[PDB]
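The file entry25.txt comes next; it holds compact mmCIF, C-alpha atoms.
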```txt
# COMPACT_ATOMS: atom_id res chain seq x y z
CA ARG A 1 0.00 0.00 0.00
CA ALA A 2 2.72 2.45 0.94
CA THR A 3 4.47 1.74 -2.34
CA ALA A 4 1.38 2.32 -4.42
CA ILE A 5 0.29 5.51 -2.71
CA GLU A 6 3.74 7.05 -3.06
CA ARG A 7 3.88 6.28 -6.76
CA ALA A 8 0.41 7.73 -7.26
CA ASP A 9 1.25 10.96 -5.46
CA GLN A 10 4.36 11.63 -7.48
CA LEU A 11 2.54 10.88 -10.73
CA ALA A 12 -0.27 13.28 -9.83
CA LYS A 13 2.01 16.21 -9.10
CA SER A 14 3.93 15.44 -12.29
CA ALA A 15 0.60 15.71 -14.09
CA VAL A 16 -0.13 19.11 -12.55
CA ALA A 17 3.15 20.22 -14.09
CA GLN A 18 2.20 18.55 -17.38
CA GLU A 19 -1.02 20.45 -17.86
CA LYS A 20 0.45 23.75 -16.65
CA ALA A 21 3.04 23.39 -19.42
CA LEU A 22 0.28 22.66 -21.89
CA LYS A 23 -1.51 25.83 -20.85
CA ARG A 24 1.68 27.84 -21.26
CA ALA A 25 2.33 26.62 -24.79
CA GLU A 26 -1.30 27.46 -25.51
CA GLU A 27 -0.85 31.12 -24.63
CA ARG A 28 2.24 30.92 -26.83
CA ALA A 29 0.04 29.80 -29.71
CA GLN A 30 -2.62 32.44 -29.15
CA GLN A 31 -0.23 35.39 -28.92
CA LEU A 32 1.49 34.20 -32.07
CA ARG A 33 -1.91 33.98 -33.73
CA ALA A 34 -2.51 37.60 -32.80
CA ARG A 35 0.77 38.81 -34.27
CA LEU A 36 0.04 36.92 -37.48
CA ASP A 37 -3.28 38.75 -37.48
CA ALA A 38 -1.74 42.19 -37.05
CA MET A 39 0.55 41.68 -40.01
CA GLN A 40 -2.16 40.32 -42.27
CA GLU A 41 -4.43 43.31 -41.69
CA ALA A 42 -1.49 45.63 -42.31
CA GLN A 43 -0.52 44.10 -45.64
CA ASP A 44 -4.04 43.88 -47.05
CA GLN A 45 -4.52 47.53 -46.11
CA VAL A 46 -1.35 48.43 -48.00
CA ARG A 47 -2.70 46.58 -51.04
CA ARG A 48 -5.64 48.95 -51.02
CA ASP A 49 -3.34 51.94 -50.59
CA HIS A 50 -1.13 51.09 -53.53
CA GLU A 51 -4.10 50.16 -55.71
CA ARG B 1 -3.91 -2.02 -2.28
CA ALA B 2 -6.38 -2.81 -5.08
CA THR B 3 -7.82 0.68 -5.47
CA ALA B 4 -4.26 1.80 -4.83
CA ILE B 5 -3.32 -0.21 -7.89
CA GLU B 6 -6.59 0.68 -9.59
CA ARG B 7 -6.46 4.46 -9.13
CA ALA B 8 -2.80 4.48 -10.14
CA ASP B 9 -3.67 2.91 -13.49
CA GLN B 10 -5.89 5.72 -14.77
CA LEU B 11 -3.57 8.54 -13.77
CA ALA B 12 -0.91 6.71 -15.74
CA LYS B 13 -3.27 6.54 -18.70
CA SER B 14 -4.23 10.16 -18.08
CA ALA B 15 -0.54 11.07 -17.89
CA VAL B 16 0.52 9.34 -21.10
CA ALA B 17 -2.13 11.35 -22.91
CA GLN B 18 -0.82 14.30 -20.92
CA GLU B 19 2.64 13.79 -22.39
CA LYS B 20 1.05 13.30 -25.82
CA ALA B 21 -0.43 16.78 -25.55
CA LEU B 22 3.11 18.15 -25.41
CA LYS B 23 3.96 17.25 -28.98
CA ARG B 24 1.22 18.65 -31.20
CA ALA B 25 0.82 22.24 -29.97
CA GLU B 26 4.59 22.40 -29.72
CA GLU B 27 4.57 20.80 -33.15
CA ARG B 28 2.09 23.52 -34.02
CA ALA B 29 4.65 25.81 -32.36
CA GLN B 30 7.23 24.55 -34.82
CA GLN B 31 4.72 25.19 -37.59
CA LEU B 32 3.33 28.43 -36.20
CA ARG B 33 6.37 30.62 -36.80
CA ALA B 34 7.15 29.20 -40.23
CA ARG B 35 3.93 30.79 -41.43
CA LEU B 36 5.25 33.92 -39.77
CA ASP B 37 8.45 33.18 -41.61
CA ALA B 38 6.26 32.56 -44.64
CA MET B 39 4.17 35.70 -44.19
CA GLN B 40 6.98 38.14 -43.42
CA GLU B 41 8.53 37.69 -46.84
CA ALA B 42 5.14 38.27 -48.45
CA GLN B 43 5.23 42.06 -48.19
CA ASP B 44 9.00 42.25 -48.74
CA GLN B 45 9.01 41.49 -52.45
CA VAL B 46 5.84 43.54 -52.86
CA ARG B 47 6.98 46.84 -51.45
CA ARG B 48 10.34 46.81 -53.19
CA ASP B 49 8.33 46.12 -56.33
CA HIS B 50 5.25 48.31 -56.21
CA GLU B 51 7.48 51.26 -55.38
```

Take the structure I supplied and represent it as structure tokens, if you would.
Amino acid sequence: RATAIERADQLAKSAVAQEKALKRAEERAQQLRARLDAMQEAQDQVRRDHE
Amino acid sequence: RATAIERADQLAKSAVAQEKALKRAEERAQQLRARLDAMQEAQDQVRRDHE
């Protein structure tokens, strides 16, 4: 019993770390999405300007 | 000990999926900035040209 409970506890905390890291990469993705946005608006607007 | 074995099993299965989640968004992270790297060049040839 002692063995099993110890293994479970360490695995659970390791999980907590796992999903925090997943969150963090997710904000990475979203902020990069936003920058991609900002460019794409800028360059279509400059197409209208030149035209 | 049974539920100690039993409960440990799922968290392992939950974890392995939790490590799987690392790859794809980070894989998306590899593929996110290439499109940045793709999109940045897009204006470059244009504005040297349309000038």

Self-check item: Atomic separation - CA of residue 29 (chain A) relative to CA of residue 29 (chain B), Å
Solution: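 These atoms are spaced 6.6 Å apart.
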
Quiz item: chain B residues within 6 Å of chain A, counting all atoms listed in the file: which ones, as a PyMOL selection string?
Solution: chain B and resi 1+4+8

Practice problem: Report the distance between CA of residue 45 (chain B) and CA of residue 38 (chain A) in Å, rounded to one decimal place. | Solution: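 Value for the CA of residue 45 (chain B)-CA of residue 38 (chain A) distance: 18.8 Å.
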
Practice problem: Just give me the gap between CA of residue 31 (chain B) and CA of residue 49 (chain B) in Å, one decimal is fine. | Solution: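 Between CA of residue 31 (chain B) and CA of residue 49 (chain B) the gap is 28.3 Å.
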